[PDB]
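Undergrad: Got a structure here, written out as structure tokens. Questions coming.
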Amino acid sequence: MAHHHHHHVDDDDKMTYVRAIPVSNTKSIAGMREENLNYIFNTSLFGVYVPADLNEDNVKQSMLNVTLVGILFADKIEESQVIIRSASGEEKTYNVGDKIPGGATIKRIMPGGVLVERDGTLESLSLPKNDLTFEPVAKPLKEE
């Protein structure tokens, strides 16, 4: 017998249309986040806070005082700039071949990823934009 076992129980309390919702706390104040919001870029003071939805734990992080916040694609590949935020908070666009402050040098600005020499260390990689040519712009790689 399942005539009693088969008994769905639903409790959508927010479906109420009467003022019976308990408002004891969060009455005069909705959270004391004075110092909390001050931790969130006090250099912006107000307005420019980071959303509580955008919580990057920094998967690869940003050492060398270099934060890749985007790329500025241009007509010429040598004219295409990289949008780098320095540790200081400065957001500037640099050209390929230029030495960025922090201990890194822009070796090649590729639209899918900028190759920078971090403290003398450089690494070559391929962009998942072409399967027939893993290496775009430079010497073509048909198979690697």
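Chain lettering (A, B, ...) mirrors the order of the structure tokens, residue numbering begins at 1 for each chain separately, and ligand numbering begins at 1 in order of display.
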Using only C-alpha atoms, tabulate the residues of segment 121-142 of chain A lying at most 12 Å from any atom of segment 63-80 of chain A, each with its closest atom pair and that distance in Å to one decimal, by chain and increasing residue number, as CSV.
TA:
```
residue,atom,partner,partner_atom,distance
A:121,CA,A:64,CA,11.3
A:136,CA,A:77,CA,11.0
A:137,CA,A:77,CA,8.4
A:138,CA,A:77,CA,10.8
```
Undergrad: So how far away is atom CA of residue 133 of chain A from atom CA of residue 82 of chain A, in Å?
TA: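 One can read the atom CA of residue 82 of chain A to atom CA of residue 133 of chain A distance as 22.8 Å.
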Undergrad: Identify all residues of chain A in helix (DSSP H, G or I) (DSSP on the backbone) and supply them as a PDB file with N, CA, C and O atoms, in the first residue's frame.
TA:
```pdb
ATOM      1  N   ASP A  13       5.863  28.960   1.440  1.00  0.00           N
ATOM      2  CA  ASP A  13       5.399  29.941   2.414  1.00  0.00           C
ATOM      3  C   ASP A  13       5.400  31.350   1.836  1.00  0.00           C
ATOM      4  O   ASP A  13       4.604  32.196   2.238  1.00  0.00           O
ATOM      5  N   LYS A  14       6.277  31.591   0.872  1.00  0.00           N
ATOM      6  CA  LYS A  14       6.408  32.917   0.277  1.00  0.00           C
ATOM      7  C   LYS A  14       5.240  33.224  -0.659  1.00  0.00           C
ATOM      8  O   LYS A  14       5.149  34.319  -1.219  1.00  0.00           O
ATOM      9  N   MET A  15       4.342  32.260  -0.813  1.00  0.00           N
ATOM     10  CA  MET A  15       3.159  32.436  -1.642  1.00  0.00           C
ATOM     11  C   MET A  15       2.088  33.209  -0.876  1.00  0.00           C
ATOM     12  O   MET A  15       1.024  33.528  -1.411  1.00  0.00           O
ATOM     13  N   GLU A  34      30.549  48.295   7.085  1.00  0.00           N
ATOM     14  CA  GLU A  34      31.317  49.532   6.971  1.00  0.00           C
ATOM     15  C   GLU A  34      32.768  49.245   6.597  1.00  0.00           C
ATOM     16  O   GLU A  34      33.264  49.729   5.581  1.00  0.00           O
ATOM     17  N   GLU A  35      33.435  48.433   7.403  1.00  0.00           N
ATOM     18  CA  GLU A  35      34.832  48.106   7.161  1.00  0.00           C
ATOM     19  C   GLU A  35      34.944  47.087   6.028  1.00  0.00           C
ATOM     20  O   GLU A  35      35.943  47.043   5.308  1.00  0.00           O
ATOM     21  N   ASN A  36      33.901  46.281   5.873  1.00  0.00           N
ATOM     22  CA  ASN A  36      33.835  45.289   4.803  1.00  0.00           C
ATOM     23  C   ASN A  36      33.918  45.956   3.439  1.00  0.00           C
ATOM     24  O   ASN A  36      34.733  45.577   2.601  1.00  0.00           O
ATOM     25  N   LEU A  37      33.086  46.968   3.229  1.00  0.00           N
ATOM     26  CA  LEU A  37      33.073  47.693   1.968  1.00  0.00           C
ATOM     27  C   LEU A  37      34.338  48.534   1.815  1.00  0.00           C
ATOM     28  O   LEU A  37      34.716  48.904   0.708  1.00  0.00           O
ATOM     29  N   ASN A  38      34.985  48.837   2.935  1.00  0.00           N
ATOM     30  CA  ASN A  38      36.246  49.577   2.916  1.00  0.00           C
ATOM     31  C   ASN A  38      37.394  48.667   2.504  1.00  0.00           C
ATOM     32  O   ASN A  38      38.428  49.125   2.018  1.00  0.00           O
ATOM     33  N   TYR A  39      37.204  47.370   2.697  1.00  0.00           N
ATOM     34  CA  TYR A  39      38.184  46.387   2.271  1.00  0.00           C
ATOM     35  C   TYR A  39      38.103  46.210   0.761  1.00  0.00           C
ATOM     36  O   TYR A  39      39.090  45.865   0.106  1.00  0.00           O
TER      37      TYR A  39
END
```
Undergrad: Using only C-alpha atoms, which residues sit within 12 Å of residue 135 of chain A once same-chain residues fewer than 2 positions away are excluded, as an MDAnalysis selection string?
TA: chainID A and resid 110 112:113 124:133 137:144
Undergrad: Residues at most 12 Å from residue 118 of chain A, counting only C-alpha atoms, excluding those fewer than 5 positions away in the same chain, as an MDAnalysis selection string?
TA: chainID A and resid 62:66 99:107 123
Undergrad: Those same residues, written as a CSV table (one decimal), in the first residue's frame with N, CA, C and O atoms?
TA:
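Everything below was put into selection.csv:
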```csv
chain,number,residue,atom,x,y,z
A,62,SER,N,48.3,36.7,-10.8
A,62,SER,CA,49.0,37.7,-11.5
A,62,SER,C,50.2,38.2,-10.8
A,62,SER,O,50.1,39.3,-10.1
A,63,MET,N,51.3,37.5,-11.0
A,63,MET,CA,52.6,38.0,-10.4
A,63,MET,C,53.3,39.0,-11.3
A,63,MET,O,52.7,39.4,-12.3
A,64,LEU,N,54.5,39.3,-11.0
A,64,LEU,CA,55.3,40.2,-11.8
A,64,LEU,C,54.7,41.6,-11.9
A,64,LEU,O,55.1,42.4,-12.8
A,65,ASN,N,53.7,41.9,-11.0
A,65,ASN,CA,53.0,43.2,-11.0
A,65,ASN,C,52.2,43.3,-12.3
A,65,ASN,O,51.9,44.4,-12.7
A,66,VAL,N,51.9,42.2,-13.0
A,66,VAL,CA,51.2,42.2,-14.2
A,66,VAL,C,49.9,41.5,-14.1
A,66,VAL,O,49.8,40.3,-13.8
A,99,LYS,N,58.9,46.5,-22.6
A,99,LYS,CA,59.2,46.0,-21.3
A,99,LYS,C,58.3,46.6,-20.3
A,99,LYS,O,58.3,47.8,-20.0
A,100,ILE,N,57.5,45.7,-19.7
A,100,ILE,CA,56.5,46.2,-18.7
A,100,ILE,C,57.1,46.2,-17.3
A,100,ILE,O,57.8,45.3,-16.9
A,101,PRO,N,56.7,47.2,-16.5
A,101,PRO,CA,57.3,47.4,-15.1
A,101,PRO,C,56.8,46.2,-14.2
A,101,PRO,O,55.6,46.1,-14.0
A,102,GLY,N,57.7,45.5,-13.6
A,102,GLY,CA,57.4,44.4,-12.8
A,102,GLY,C,58.4,43.3,-12.9
A,102,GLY,O,58.5,42.4,-12.0
A,103,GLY,N,59.1,43.2,-14.0
A,103,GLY,CA,60.0,42.2,-14.3
A,103,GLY,C,59.6,41.2,-15.4
A,103,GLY,O,60.0,40.1,-15.4
A,104,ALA,N,58.8,41.8,-16.3
A,104,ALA,CA,58.3,41.0,-17.4
A,104,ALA,C,58.5,41.8,-18.7
A,104,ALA,O,58.5,43.0,-18.8
A,105,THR,N,58.6,41.1,-19.8
A,105,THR,CA,58.8,41.7,-21.2
A,105,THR,C,57.8,41.0,-22.1
A,105,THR,O,57.6,39.8,-22.2
A,106,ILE,N,57.1,41.9,-22.9
A,106,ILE,CA,56.1,41.4,-23.9
A,106,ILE,C,56.8,40.8,-25.1
A,106,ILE,O,57.4,41.5,-25.9
A,107,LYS,N,56.8,39.5,-25.2
A,107,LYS,CA,57.5,38.8,-26.3
A,107,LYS,C,56.6,38.7,-27.5
A,107,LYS,O,57.1,39.0,-28.6
A,123,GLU,N,57.6,30.9,-22.0
A,123,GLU,CA,57.0,29.6,-22.4
A,123,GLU,C,56.2,29.8,-23.6
A,123,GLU,O,55.4,30.7,-23.8
```
Undergrad: For atom CA of residue 44 of chain A and atom CA of residue 90 of chain A, determine how far apart the two atoms are, in Å to one decimal place.
TA: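 Separation between atom CA of residue 44 of chain A and atom CA of residue 90 of chain A: 13.0 Å.
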